[PDB]
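First, one chain by itself: the form deposited in one PDB entry, in structure tokens.
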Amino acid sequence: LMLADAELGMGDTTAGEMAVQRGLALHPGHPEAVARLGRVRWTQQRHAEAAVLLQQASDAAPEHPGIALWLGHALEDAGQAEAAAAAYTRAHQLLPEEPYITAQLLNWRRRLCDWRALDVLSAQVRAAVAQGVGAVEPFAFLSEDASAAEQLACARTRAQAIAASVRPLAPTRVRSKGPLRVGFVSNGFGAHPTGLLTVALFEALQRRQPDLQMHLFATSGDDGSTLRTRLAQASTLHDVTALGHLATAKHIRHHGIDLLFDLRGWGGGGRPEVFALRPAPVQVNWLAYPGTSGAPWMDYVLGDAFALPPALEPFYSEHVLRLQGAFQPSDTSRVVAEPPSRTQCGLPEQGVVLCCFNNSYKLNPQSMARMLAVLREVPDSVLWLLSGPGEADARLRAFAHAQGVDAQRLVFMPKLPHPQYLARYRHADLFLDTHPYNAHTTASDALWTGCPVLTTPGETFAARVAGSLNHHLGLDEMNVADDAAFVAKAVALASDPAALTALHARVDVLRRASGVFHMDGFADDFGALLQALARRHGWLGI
């Protein structure tokens, strides 16, 4: 059992199982034992079986904390959202002081739009980051009202834990001579944000920057998307799913990558330990983790003048590089299809449709309140949202009612295949952004379909992304100072269709004319920046 933990700790789940099972062989029905078995299952990804057992073991010892949290982990990944929440609750009841349970609880509550004791929970996670302690996940922490400084703190602490338990590969340099090898590590190469944002760029680079060798290190297998196949077509895609961290790192070294981009990085399925092994001489943070890595192994972050302005530099560990337009490319080959009718989409046939298709953890009391206030001031408006996990949708219905709006004014879109979800935007009149974690991919999606995005650019990179897209498009009037200006601008537009029509017209002009959706230009800018970076590190060219 002690043995079994070490065996499980090591990775040998089968030997782990064998040990545990002999443990149970002694006292059948025992909490401490029954739980480890369920943890084997969880590790083995037999997630429904993990939860049966941890429920047996939880029920026999309603008081171990310990076991409660582990049952949460298992119920989370088994898609039993509300029950996983109820388990983290208990684990928090038993140990209110442990800023490792609180962090997992808070995050799971944001994702279910459960806001009980939110501020008290957030404070305790922020306290934990200020001493950290250290538990706290930098991705989850993005959802909090913390400053750039606090996110950095959270990220270092997490980075230090990794850098301590890893020995870097032998240092190497950028080749002085020959075509530059450029590498990108992601689990999202396919029908995922990363694949979706980068695909038209890679095809543009393949055509326009022949002196750069693109390499994609995919930490996920083929999902059968046209994205994965296009990405494969436009580069050398290496499937490294199932290689451990070190073998992944060695495989990047084997290919002699000069510049290596981390697309995810604190992400969730991200392999930051691969970066921690420094397989490439220059390592860049870009695009799909909207914050600092906080990490000694990351040389650079790639941003832009708006989303990462001079006043944000003190709060990055990386050195800051900027593109000449927005940091964010997108799939400009996408023909947005026509949606079903409004009725077929749950929408009324008349009425202004305000929408926000953001992830549930981005929808907080502040972002919701201000969307709801727009609805109160605009008679026949409707609010169109992504349907969310567990009972998320019902909690927002109750909150709308509490905020003095008819709950039936909220329409919840089920998750759709990307081409179908994209088409939904043609029914939307205005996209209402979230704070402090902006719409990112979803804002690019919205604008590409022709739907304007209203945002309140904040003080962190993650609260400035929507506003960068507006800024680089020329839509400055859609970046407003605060909640009051937000509700006012939206109300102004929603209650005057002629101005609204003019705005859609304006977005169409600016869509075609600005550099924002010009992936050829993006490729030339990106490539030139890569080349100039490489010469700064001794590349002589060719």
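For every residue, the number given is its place in the sequence shown, counted from 1. Only the largest set of C-alpha atoms that superpose within 1.5 Å between the two forms is called the rigid core.
One more form of this protein, deposited in another entry, exists but is not displayed; see below.
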property: Residue among 271, 228, 111, 278 whose Cα moves 2 Å or more between the shown form and the other one, once the rigid core is superposed; result: 271
property: Did residue 10 shift 2 Å or more between the shown form and the other one, C-alpha, core superposed; result: yes
property: Cα-Cα shift for residue 268 and residue 233, closer or farther in that other deposited form, minimum 3 Å; result: farther
property: Change in CA distance between residue 417 and residue 269 in that other deposited form, which is 3 Å or more, as closer or farther; result: farther
